[PDB]
Amino acid sequence: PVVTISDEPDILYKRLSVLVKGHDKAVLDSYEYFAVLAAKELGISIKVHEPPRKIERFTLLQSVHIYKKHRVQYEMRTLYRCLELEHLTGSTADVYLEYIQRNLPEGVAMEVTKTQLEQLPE
Amino acid sequence: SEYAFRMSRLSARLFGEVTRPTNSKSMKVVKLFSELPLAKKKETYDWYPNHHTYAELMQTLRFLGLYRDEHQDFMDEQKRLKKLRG
Amino acid sequence: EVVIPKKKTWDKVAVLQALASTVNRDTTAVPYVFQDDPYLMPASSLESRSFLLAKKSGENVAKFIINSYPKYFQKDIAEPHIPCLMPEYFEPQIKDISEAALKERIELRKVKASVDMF
Amino acid sequence: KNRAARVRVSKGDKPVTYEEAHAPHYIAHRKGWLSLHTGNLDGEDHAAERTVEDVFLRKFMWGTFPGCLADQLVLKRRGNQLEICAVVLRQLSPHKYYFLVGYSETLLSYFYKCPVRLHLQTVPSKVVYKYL
Amino acid sequence: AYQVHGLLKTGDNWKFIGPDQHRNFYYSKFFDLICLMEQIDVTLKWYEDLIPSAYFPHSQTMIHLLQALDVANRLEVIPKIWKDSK
Amino acid sequence: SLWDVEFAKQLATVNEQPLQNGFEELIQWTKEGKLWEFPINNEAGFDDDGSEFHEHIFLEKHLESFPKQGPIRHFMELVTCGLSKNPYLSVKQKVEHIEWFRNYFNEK
Amino acid sequence: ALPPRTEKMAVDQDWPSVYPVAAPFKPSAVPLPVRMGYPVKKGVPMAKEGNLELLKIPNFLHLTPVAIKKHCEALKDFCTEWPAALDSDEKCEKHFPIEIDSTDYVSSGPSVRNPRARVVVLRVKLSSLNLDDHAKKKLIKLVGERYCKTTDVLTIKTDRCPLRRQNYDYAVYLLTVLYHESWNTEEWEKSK
Amino acid sequence: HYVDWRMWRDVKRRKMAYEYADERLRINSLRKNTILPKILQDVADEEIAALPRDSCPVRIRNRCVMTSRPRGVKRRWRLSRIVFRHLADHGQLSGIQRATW
């Protein structure tokens, strides 16, 4: 349990919101449970949101040589789940964020995280 | 007016775009140097897998016997049965 | 008044060391080096040693192939550069008779080559 | 007629696995995907080279575990941890198995430059979902 | 024996087992002694805690694993340890 | 020298023990560097000699002032703003771009 | 083969210990006869010992609620607390004025170069500036496309230098020299 | 060891466009700018038209990363229609469904 309390005052992270893009809603909401209970026993305030799915549909030909009238159509289901953390500490950041980041799913997982750190003007 | 023109000049000097009034046919210069050319992009020059490390390592590993490719087995065998007669 | 606290600084391993402290050893499982398939579990100590030395064989066997052909693995893709993953060069690159070539052959531990060129 | 990934009906003696049996219209309605890489989502760059490496892995492991891969592989890709989970049969010797595991374990690490891990899963006989 | 098994369990001192042959000798002797003077319930508890997770029993131990059961007259455990040995 | 580094090697051998867990696989993988640094900063390594914001976009220190009222100096404003709005090139390739034009502009 | 560890395993045996890390299924390890796959007409969903469908499922076996709770006993070491900066947004605005957007885009595979991860945008309030009278007019006319009127927020964006920290430097430098040029009275302010 | 000669012909095109990109870039801007004299460009013209005709980014044909087919390529995966159909229909390309809207 090496801790190493070092020197300078905190970076004061406001609204570290994680936008989770995926191909599978069942992985996304299992992830929601894993992060919601982790934030519950972490003490950090979490909220849930569902940024709406985008389908990238596109058309190709079906036959190799001719018959342009007979076509195939393929689609991508991109779904988003927003997990916005508000009022969290800089030390609180690279331990929760880190736990989740390492314990990310596979190809159905992105973790786009925006950070609004506060500060004083100069 | 003149104040709007030179206020845009002050803002340009501040933020870092071109200061004096220029036209679009020359502003294409700063847009150029601001982006990469068609050939310098990562995807453009890395379009094809070089195919040599790939296929030649397959050659060497098959000749070391750690890789069995059924396709080369076919051509090996067919070329033998063709060299028997051709 | 803001009690703005100082950030305690961690290394890159301490979280995962605390995670091992979370997962104490499984009293019912074989060591993680072996696979979990019931056909591939070693049954005896001799069989386990045989499997481990076969795995170590496969390791210096890939090292031999990769060091014999470094040209097929020169393309780095990971950022940052991982010099423990780039191939090792064992052939002396300095062919002229020089003390730099002596240092190169000593570093490559080529005893006979170092003696001959000395 | 559509002939894409449809094993046609023989005479009722053709062993076939869940994967081969399902046709492309069941591609995530009943089957799912055999390779889990993130590049085909909305915003990402490198999906093309992920697929170029994907077909490579399928054919390398096909030619390197010669005639023992029961059904096709699961090339998942989380972090820099590429994984080649397998369903390999129970015919070759375990020392040979551990050897080709190690050989691959290190060779794809030095080809793709990241952690590559093979978690074999030995099976007695090639499975049959239905006889077509 | 329990004292230095405790010294082993202090922190990372388990690392100072080192190689597999030393590990097998260490745990073989520990289990011999557990069978020779411990009570049969804690011997079977150490059996399930150590085998096969810590080490693979050597041929001799098998015989000894039994002598303790014969002394304790717990011959009902014979089929399961036989199955484990097989 | 070779004796102290060889003592380091042998100390590593006498403290090399089996991995015994999937977490310790990641321990060794970070320890070597094949595993990524987590959490990631999308800019690990990638220092650019401490460019720090004034070499990249204020090219006046490399401008090498000619008479400023000339069309050439206008060009240098235009090309300077282009290299300022370049984020893909670093300061060193910006200054070799400048010297290309400097060399050639003189060449004429 | 071998009789599996599944029926060797009993109840009250620690599952965080059984699965430490994220790993694909391994049904021999798994003590659950979980069945997957559209069944046959007069049959059941396919068994557990050989399925590829049970392999291709992400597999959140490694992280069970109790594993979360015990995981963070240790993960609790590494956190301070926030001050009484209050949930009140006006209170944290008074206490710490500016706001900055500085994000990462984590991918998955060989590299971590996503260039668009250098986007840095800065939002500041003039009611938190407090030292702006007629010098405000200056700031507005200077920043043309920013300052939406309904909320009094200035948003300056930098994506001009490759690194995120010097982008943060460009936000703060442009803020302070915009501030100093706004408080710089110039000779043509009267002939408006 | 390239799928065909035409693919190998572009791999050559790609290479020497990528190496010969800076020189062309410099003289070309100099072309479409309005600052230098009408005659001060005629010279730069020579350099460009004289810079070799296998690096001009007008000859780059985004062909197939697996099987040289010029027309019928989808850029996002660098694959032709029928090869992308084969992989997405065998189910080794994640996320690609069959469009049923």
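As written, the chain order gives the labels A, B, C, D, E, F, G and H, with residue 1 at the start of each chain.
Throughout what follows, contacts are C-beta pairs under 8 Å (C-beta built on N, C-alpha and C of every residue); 3 or more make two chains touch, one makes a residue touch a chain.
Which protein is which chain? UniProt says B = Small ribosomal subunit protein mS33; D = Small ribosomal subunit protein uS3m; H = Small ribosomal subunit protein uS14m.
Farthest from chain G, judged by the mean position of CA atoms in each chain, is E. Per-chain CA centroids place chain A at a distance of 30 Å from chain B.
Centroids of chain F and chain G (each the mean of its C-alpha atoms) stand 26 Å apart. Rounded to a whole number, the gap between the C-alpha centres of chain E and chain H is 69 angstrom. Here the CA centre of chain E is 57 Å from the CA centre of chain F. Touching two or more other chains at once are residues 29, 33, 35, 65, 78, 85, 88, 94-98 of chain H. For chain B, residues touching at least two other chains, in rising order: 16, 26, 29, 32-33, 49, 56, 66.
Of all residues in chain E, those that touch two or more other chains are 20.
Working note: touching chain pairs come out as A-C, A-D, A-F, A-G, A-H, B-C, B-D, B-F, B-G, B-H, C-D, C-E, C-F, C-G, D-F, D-G, D-H, E-F, F-G, F-H. Residue ranges on chain D touching chain A, taken from their complex, read 33, 35-44, 76-79, 83. By the touch criterion stated above, chain D contacts chain C in their complex at residues 80, 90, 94-95, 97-103, 105-107, 109-114, 119-122. Of all residues in chain A, only 1-12, 89-91, 94-95, 98-99 touch chain C in the complex they form.
Chain C makes touch with chain G in their complex at residues 1-8, 10, 15, 18-19, 21-26, 28-29, 36-39, 41, 43, 77-79.
The touching residues of chain D, when paired with chain F in their complex, are 79-81, 109, 114-115.
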